[PDB]
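Every heavy atom of this structure was used, including side-chain atoms; hydrogens, water molecules and symmetry mates were not. Numbered from 1 within each chain, the chains take letters A, B, ... in sequence-line order.
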Amino acid sequence: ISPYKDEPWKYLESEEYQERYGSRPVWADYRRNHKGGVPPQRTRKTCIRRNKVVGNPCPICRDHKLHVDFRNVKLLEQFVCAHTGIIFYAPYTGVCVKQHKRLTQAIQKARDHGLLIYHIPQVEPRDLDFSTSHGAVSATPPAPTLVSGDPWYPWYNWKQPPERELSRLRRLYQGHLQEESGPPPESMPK
Amino acid sequence: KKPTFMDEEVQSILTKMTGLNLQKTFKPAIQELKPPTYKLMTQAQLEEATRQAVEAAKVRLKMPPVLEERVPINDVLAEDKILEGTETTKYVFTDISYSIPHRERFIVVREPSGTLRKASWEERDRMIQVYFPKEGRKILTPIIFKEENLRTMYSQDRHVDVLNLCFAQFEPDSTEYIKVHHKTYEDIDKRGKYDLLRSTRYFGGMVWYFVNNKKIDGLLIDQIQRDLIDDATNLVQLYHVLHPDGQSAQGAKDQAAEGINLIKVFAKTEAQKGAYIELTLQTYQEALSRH
Amino acid sequence: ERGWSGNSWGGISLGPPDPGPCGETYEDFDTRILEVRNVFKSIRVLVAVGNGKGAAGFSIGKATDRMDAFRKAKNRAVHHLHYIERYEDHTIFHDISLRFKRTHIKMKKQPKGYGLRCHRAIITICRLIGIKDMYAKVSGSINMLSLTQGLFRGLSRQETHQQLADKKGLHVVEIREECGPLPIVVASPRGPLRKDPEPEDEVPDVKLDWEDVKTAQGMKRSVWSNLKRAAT
Amino acid sequence: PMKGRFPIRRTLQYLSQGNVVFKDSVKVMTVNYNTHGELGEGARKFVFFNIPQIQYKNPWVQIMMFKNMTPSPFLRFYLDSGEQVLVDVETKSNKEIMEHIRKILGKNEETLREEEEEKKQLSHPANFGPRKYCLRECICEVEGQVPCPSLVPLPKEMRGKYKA
Amino acid sequence: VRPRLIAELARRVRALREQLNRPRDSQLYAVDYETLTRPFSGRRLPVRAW
Amino acid sequence: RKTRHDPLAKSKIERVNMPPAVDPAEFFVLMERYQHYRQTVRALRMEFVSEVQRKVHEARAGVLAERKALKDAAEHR
Amino acid sequence: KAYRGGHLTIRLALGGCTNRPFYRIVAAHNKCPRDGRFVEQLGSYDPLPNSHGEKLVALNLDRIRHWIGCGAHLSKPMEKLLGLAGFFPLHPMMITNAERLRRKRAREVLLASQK
Amino acid sequence: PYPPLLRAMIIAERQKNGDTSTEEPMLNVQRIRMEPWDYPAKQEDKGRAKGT
Amino acid sequence: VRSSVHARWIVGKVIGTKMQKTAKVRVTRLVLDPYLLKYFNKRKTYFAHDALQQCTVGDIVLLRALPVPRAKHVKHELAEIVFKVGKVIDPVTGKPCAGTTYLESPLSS
RNA sequence: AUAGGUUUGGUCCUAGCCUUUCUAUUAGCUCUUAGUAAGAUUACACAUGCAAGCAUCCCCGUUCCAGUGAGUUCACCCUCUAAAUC
Ligand code: FES
Ligand SMILES: [K+]
Ligand SMILES: [K+]
Ligand SMILES: [Mg+2]
Ligand SMILES: [Mg+2]
Ligand SMILES: [Mg+2]
Ligand SMILES: [Mg+2]
Ligand SMILES: [Mg+2]
Ligand SMILES: [Zn+2]
């Protein structure tokens, strides 16, 4: 149980944090246990599995007072390069994959909320010409059928065939006839 | 006629008023870094390099045009009532022919009612971003442009970052662009942070807004306090040109005011806080005499 | 804390050097073990000391008891300090290629935040010196004493920007991509400025290293390069 | 280290630093130069430094060399029409030779810019396909569109298993 | 490439057989009126023709 | 799919495809609609064909192409 | 490849994933596989509504006109799409299907009234 | 009439090229003669069943 | 569209004249080694129609593609002789020369 | 490769072998749910059922799609020019 869960950043300005870490990042003294001189290229999935911590928890998981929240800006700054603004990959600080994903999401949210500083470049305009006189962005002259309330083409509308042609079709397709259809409803029934 | 923002004379005044600080224009960027290179130079070569940097800064500080808000697009191409009720969602058709300006590009909508109409400005911008993606722009509006996040950005004095984001996201003549730029200018005016925009390409637009809205008192005060008297006088002249029928311009003509006299005439005629303008000018003159 | 390996003496800190008979204290200096060897019995130790502000040295101590060897090496090291010049107090002034006996060292100046991507002994020595951003490649025989000697020789024989400006009598102007075309004058001669420009060498006759060019062109295919590693 | 004097010549950066892109008429370059004699020094340097760049930018043009056949160095260009262009390079520097040949038979910057713009048209940003040819594989990579089911499962109502 | 002569031989003999076995209209367009099938091919005519 | 040399399935040797039933009014209206639609589409198609041919003409023997060629020749001379 | 006859046709090539279809409008030889070799990509079509409740169709109108003028045919779904865009007349079968749907809904309403 | 989008594009092209004509664009079909589907075709071009 | 022969204009050295009215010419091109990024000479033999039989072994000649091949391997015809073996005329000054020395001075004219 | 281990009474050099990293197949032991992607070792032999019709007769199609990797510079560019679409 943390008293800082509601308001995480206070923990970083509390004295206890100052004795524990001082001015150095919370991951400075971590060293990962592995075979060989070349580490594995991915960190462990999660240091907390079914509410049980591993023997060597990562910088975020060892200290339940450290809360990964987009408002905890001073903590998130410790996981971003101050010279390039790039989020460190997980092996760099040893954070587990789960906490690395959470930190990435928190950093992106803090940047989107304007709480975390990042380089915003100056870009050129999209359009060389800003005129809005073309017919694509203006009013096209209405067509006569549109103003008259008529369909664009006359054959869009149903026209009842003359009875002679219908009898001709009935002779041609005798024995394979469906019930004759009348004109459709004027508008779509609901 | 009344001068436009892009007039050569207005452009020259605003260019000189903006200034050119090479250190601020070419401040180090926080980005992926590479090892620097080194060159041995004489004094002449160093001066040539400095002039080339000044030219690059002039290109960088080119002002965005100030445009009027675009009129909404409400145009119907056809109404095929037969299609009414046969579809539940609208169709958006974008013409993606490469060699067409985006403002001449036909983008239409077939609604469930059967109406074939022209796409609105917001739909046009969204579709252009979808099919011709521009670096820095997002299809969905970023939340940074909400009131609270803009207030946070202003609290951090990141007005130039806000304007750069606005330029990247919105078109110059869109409602959102105008609203965000106006809010930034009002914040700068209310907390007197004009120096944030000096040596950038947004200073001219800020000055143009202040002049057309007749609130140049704060900027004039800042320029006097910063000993930029030429800038203050040019601001008064530009104000007179944009408002040639105002009592300030008539007073200047009557009194044959020139130089600081223009500022005094403006302070007595059309200044919301002319008393403080007079006080600051008097202090500046005393300091100049003492120095 | 452990060293380079669980059972290895290398990399382990020995604490500050003892107060010397001269009467000086060395509380700001840190000591690191670079090698411990059995001499056939006695013990020979190679240690390095450094204050993290450019002053650093190394020494060998021989004794029957290991702790006595540590003390001898540390005390002798503090009295044989090199001063290492650092560009902006984070890296070296230029690329340094050297050969000491059969060991080759290629060191590259790097921007801030790059880190120490170097042989582990080089990482230890650089941390003692105060270099924070550098690349280093060791080739030939990997002999620890030769590595230390060559490293210190090369780092002590680097020419600063001010030295180059005084030698050539010209402004040393730095160009950074993140700063655009702005020219940053990093050094100016104390004496007069030459008015004749440097010969614009159309093609310099420099000795290039095949590995660097191969890396530049994308023909390097090593599965071991650019591997994710812990912060150093 | 890299073998030979001036190894920088054998780097693609140097090879692409060339600025001579010949018009379609040029088919052959014959280069007559003298190994000894100060007046031909630039010509010799032209052979040493700039021929690799010229060939790199013009892979289909036949470049051939001739040594100590004439008292003076010169370049000869054979065009598709059968015309021959002779350029005396004696007393000239190699940079001057480059500038001269660029001026007389090299495509101007404007034509190269139109060629680059024509190239830009082939890779239409709207087209969807393999990353080798297109910016995006699928419309599901566009924000606001229905995402890939590999990453975000579709609602049960949109899946044939629970519609059948 | 080893020339393929059997292919040419097969093509020529097949062409010859075709030109010397051209069916006549009486065979091609005969019909069985009980089953409404072409005896030449065995294919049935469409229902709407029956 | 099957080839011409694959035997017919025994399950469908006695299968006769029966024609669908016809609604006379819809059938007649649909025939007229297809006639009008196809006339319109063929007109549009020949306009597109003529546009393509005209673009080829103006790309080969057009005035602008001729002037560009003359400019190139003049610069070469 | 060489085919015996055939022609170019502008059609819809299906990509995407299971339960998430997406179409590329391509001019291709009619004998080629559906999602195989094509001459040019003339646009795209997302049949699933997006977060704005829109179906997105991109049409390279210039190139579509070029290929129709070069003798390319059109598949029926492509013709219906072009009719919806207003580039062609509404296809006869869109109109007929609309009328059939109107009649079916009218029958359902009459059933409701009868009950 | 032209289809709605084609009509709009034609009018836009005219207006961009400076023309202010209000005459509706029209598609000519007197040259397209609707030939009935049951009109006799060319028996000379038709094929013949192959012997087998 | 003027010829079916790929190589239209090529300069080479005559290495054979043992045929009737046909010269065997050696053509060198520069090919970039993909690994070393150095240019090396690649040689190709061409047959050029010499109606007048004016070629001598060692002279530099220019060949123009025929409209169509006149034989299996004869696809080009001698447009001119760039450098006659041992009888070179300096193109720059127009004077006969022997190697790098003038046989007759330019000032003689 | 940022390298490491291993020859000797001992030091230095050279040199092989191996370790550390990332994939794929198979095997041992162990495995809960959901979405997606991919899926004989064998050009060895195959029971069985399907994979080509359409259409007022003529014609058209079954020469495509689908499969495999046995053989192996028939694939790309230019010239010329049939068949096919318009
Ligand atoms: S790749 Fe687009 S839906 Fe899967
Ligand atoms: K048929
Ligand atoms: K094979
Ligand atoms: Mg251990
Ligand atoms: Mg070894
Ligand atoms: Mg299959
Ligand atoms: Mg196939
Ligand atoms: Mg033909
Ligand atoms: Zn963890």
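Relative to the six-membered ring of C/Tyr135, C/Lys137 misses at least one condition, a distance below 6.0 Å or an angle of at most 45° to the axis.
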Sequence neighbours left out, cut at 3.5 Å: what donor-acceptor pairs do the side chains of residues 44-52 of chain H make with other protein atoms?
unit_1: H/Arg48; atom_1: NH1; unit_2: E/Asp25; atom_2: OD1; d: 2.6
unit_1: H/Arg48; atom_1: NH2; unit_2: E/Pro23; atom_2: O; d: 2.8
unit_1: H/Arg48; atom_1: NH2; unit_2: E/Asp25; atom_2: OD1; d: 3.2

In residues 154-162 of chain D, what donor-acceptor pairs under 3.5 Å come from side-chain atoms, sequence neighbours left out?
none

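Residues forming a salt bridge (charged side-chain N to carboxylate O under 4.0 Å, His left out) with G/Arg63 (at least two apart in sequence, or on another chain): G/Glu40. Every residue meeting the salt bridge (charged side-chain N to carboxylate O under 4.0 Å, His left out) condition with A/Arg168, not counting sequence neighbours, appears here in chain and number order: A/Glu165. Every residue meeting the salt bridge (charged side-chain N to carboxylate O under 4.0 Å, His left out) condition with D/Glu141, not counting sequence neighbours, appears here in chain and number order: D/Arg131. In terms of the salt bridge (charged side-chain N to carboxylate O under 4.0 Å, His left out) criterion, G/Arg11 has no residue partners (sequence neighbours excluded).
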Applying the Watson-Crick and G-U criteria (both distances under 3.5 angstrom) with [ ] for crossing and | for other-strand pairs, one obtains for RNA chain J (.((((.........)))))................................(......)..........................
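Taking 4.0 Å as the cut-off between side-chain N and carboxylate O, G/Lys76 and G/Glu79 do not count as a salt-bridged pair. A salt bridge does not link C/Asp209 to C/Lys106: none of the charged side-chain nitrogens sits closer than 4.0 Å to a carboxylate oxygen.
F/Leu8 comes within 4.0 angstrom of the backbone, heavy atoms only, and of no base. Contacts of F/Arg15 with the nucleic acid, taken as non-hydrogen atoms under 4.0 Å apart, involve only primed sugar atoms and P, OP1 or OP2. If you check every strand for non-hydrogen atoms under 4.0 Å, C/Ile142 touches sugar and phosphate atoms only. Residue contacts for C/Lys41: at a heavy-atom cut-off of 4.0 Å it reaches no nucleic acid atom on any strand shown. Among the heavy atoms of the strands lying under 4.0 Å from C/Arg37 are primed sugar atoms or P, OP1, OP2 only; no base atom is included.
Pairs of residues two or more places apart, or lying in two chains, that qualify as side-chain hydrogen bond (donor to acceptor under 3.5 Å, both in side chains) and include a residue from residues 29-42 of chain E are E/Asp32-E/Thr35. The stretch residues 219-232 of chain C participates, sequence neighbours left out, in no side-chain hydrogen bond (donor to acceptor under 3.5 Å, both in side chains) pair at all.
For RNA chain J, the residues of residues 28-39 of chain G within the heavy-atom distance limit of 4.0 Å (strictly under) are G/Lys31, G/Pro33, sorted by number. Contacts with RNA chain J (heavy atom under 4.0 Å) in residues 32-41 of chain A: A/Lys35, A/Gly36, A/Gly37, A/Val38, A/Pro39, A/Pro40, A/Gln41, listed by number.
Comparing H/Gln43 and E/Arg44 by the nucleotide of RNA chain J whose heavy atom lies nearest to each, the residue mapping closer to the 5' end is E/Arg44.
With a heavy-atom cut-off of 4.0 Å to chain E, the contacted part of RNA chain J has its first and last nucleotide at J/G53 to J/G61.
Stacking of the bases of J/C65 and J/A66 is indicated, with six-membered ring centres separated by less than 5.5 Å and ring planes inclined by less than 30°.
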